[PDB]
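Right, one structure below, let's go through it.
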RNA sequence: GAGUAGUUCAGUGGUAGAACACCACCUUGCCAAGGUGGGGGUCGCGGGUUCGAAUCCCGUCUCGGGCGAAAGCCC
RNA sequence: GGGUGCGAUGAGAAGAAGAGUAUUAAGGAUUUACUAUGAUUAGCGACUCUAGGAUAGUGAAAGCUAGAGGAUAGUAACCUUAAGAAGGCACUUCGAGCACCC
Ligand SMILES: [Mg+2]
Ligand SMILES: [Mg+2]
Ligand SMILES: [Mg+2]
Ligand SMILES: [Mg+2]
Ligand SMILES: [Mg+2]
Ligand SMILES: [Mg+2]
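In the entry's author numbering, the protein residues as written are 2 to 82.
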């Protein structure tokens with residue numbers, strides 16, 4: 002769902018920043034890219050589900066980057082609405 | 001002429017030097033830098049000369065080049 | 001503006017380390033190791049001693065190997081005092097630029 006990502010009010014970018022966004026429950030929707038290494042994805046989606054927050058996985062992470070406006074690509078993006 | 005420490009170069013008859021690299025400690029999450037120490041070389045290989053050969057001689061191996069009809073020879 | 005490289009699998013900055021460590025002095029201790037050097041005189045060549053080596057010549061004493069032990073300095077290693085730094089990854093906040101080139 003890049004409609005939700007390329008828009009939205011507040012969005013944090015990067016697995017660490019999404020984990021820090023989860024660590025204070027200020028995030029409303031969590032987006033995670035599929036073709037990323039699951040070793041890192043696991044830790045953020047687990048904490049996400051544990052918090053009880055919705056997770057919307059997306060196909061491409063380069064596309065995630067492009068939707069965020071970033072030029073390098075992201076693994077996880079948190080929408081801190 | 002080219003072949004010498006792991007690499008790169010010195011060493012022009014006295015058992016192989018420097019630099020860098022490597023190991024150990026300093027030392028620690030981890031490396032770099034650094035400071036002490038340390039280990040390492042059929043000197044292409046084999047005979048001879050000599051008390052002693054990386055050095056001289058002979059045979060021989062590989063590479064680059066020169067001479068020669070070639071064998072050889074020279075660098 | 002152009003050509004690359006890296007970058008949310010974290011650019012970059014600060015912090016935290018590194019650390020009271022390196023380094024700089026004054027003493028202290030005077031045992032360790034390392035380095036340099038060893039009168040005259042022959043000899044290319046000498047810190048001394050033992051054991052093998054090998055040994056032509058020179059010398060009171062030879063070059064190798066293995067030990068052990070020495071003076072003269074120069075160093076590091078250990079205490080006390082006063083000062084006292086430094087790069088990167090990783091870590092911790094901020095989170096997107098940084099680097100080489102013309
Ligand atoms: Mg011819
Ligand atoms: Mg021929
Ligand atoms: Mg950084
Ligand atoms: Mg820093
Ligand atoms: Mg401290
Ligand atoms: Mg120009």
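Backbone N, C-alpha and C fix where the C-beta goes; we use that ideal spot for every residue, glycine too.
Determine the closest residue to residue 82 out of 3, 8, 2, with distance taken between C-alpha atoms.
8
Near residue 32, what residues of its chain come up, given a Cβ to Cβ distance below 8 Å and the 5 sequence neighbours on each side ignored?
2, 5, 6, 56, 57, 58, 59, 65, 77, 78, 79, 80
What does residue 62 pair with, by DSSP beta-bridge criteria?
In DSSP, residue 62 forms no bridge with anything.
Ends of the alpha helix (DSSP H) at residue 50?
39 to 52
Rounded separation between residue 40 and residue 49 - CA only
15 Å
With a cut-off of 8 Å on the beta carbons, I'd call residue 61 and residue 34 a contact; round off their distance for me.
7 Å
Taking 8 Å as the cut-off, decide whether the C-beta atoms of residue 43 and residue 20 are in contact.
no
In the structure shown, what three-state DSSP assignment does residue 6 receive?
helix
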